[PDB]
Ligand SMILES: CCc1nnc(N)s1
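Given next, in structure tokens, is a single chain: the form deposited without 5-ethyl-1,3,4-thiadiazol-2-amine (MZW).
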């Protein structure tokens, strides 16, 4: 995946977030530090925070990542799109996990009620564990795929099943 997409993936709370543009940051609601009143020098009052369940979008009043171009964010992707989940792991290792995306689903995962776009990992048969699958630290990592000439971001990692094979992408 292009170095410009990896540059957007930022360590955030208990996981990650993704810079869509110099002013727009998206992440999984449950990774957000709950008592936080300041982000990248900016007070709460000066940021527009839009929340739909496990999807959260921050719009800043000043450019935080002016090195970046604005890119397309969509509400999930067509069934059967193959996406890459842009996961960073211990030691500047980059893990773009291949996922075939399915239907919008409501599920119960480790007792918690989750809603988003469902997907099945294409890494291996029994992908439980950090080698072929996701870990809780990966939440907020973006789901991306290439169209004609460009890349699209369509959501953020919200959950995975006990088996590891199914993942859920929270969507705008």
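Numbering follows the first chain given and starts at 1. We call the rigid core whatever largest set of C-alpha positions still superposes within 1.5 Å between the two forms.
As for the form deposited with 5-ethyl-1,3,4-thiadiazol-2-amine (MZW) bound, it is not shown, yet the points below apply to it.
With respect to 5-ethyl-1,3,4-thiadiazol-2-amine (MZW) in the deposited complex, the three residues 96, 145 and 147 uniformly fall beyond 4.5 angstroms at the level of their nearest heavy atom.
For the partner-free chain shown, 88, 89, 90, 92, 93, 94 of 84-117 come within 4.5 angstroms of 5-ethyl-1,3,4-thiadiazol-2-amine (MZW) in the deposited complex, judged by any non-hydrogen atom. Annotation: the position in 127, 47, 32, 57 displaced by at least 2 Å at CA between this form and the one not shown, with the core superposed, corresponds to 127. Superposition on the rigid core between this form and the one not shown places the CA atom of residue 80 less than 2 Å from its counterpart. Compared with the form shown here, the C-alpha atoms of residue 128 and residue 55 sit at least 3 Å farther apart in the deposited complex. CA of residue 128 to CA of residue 156: farther apart by 3 Å or more in the deposited complex than in the shown form.
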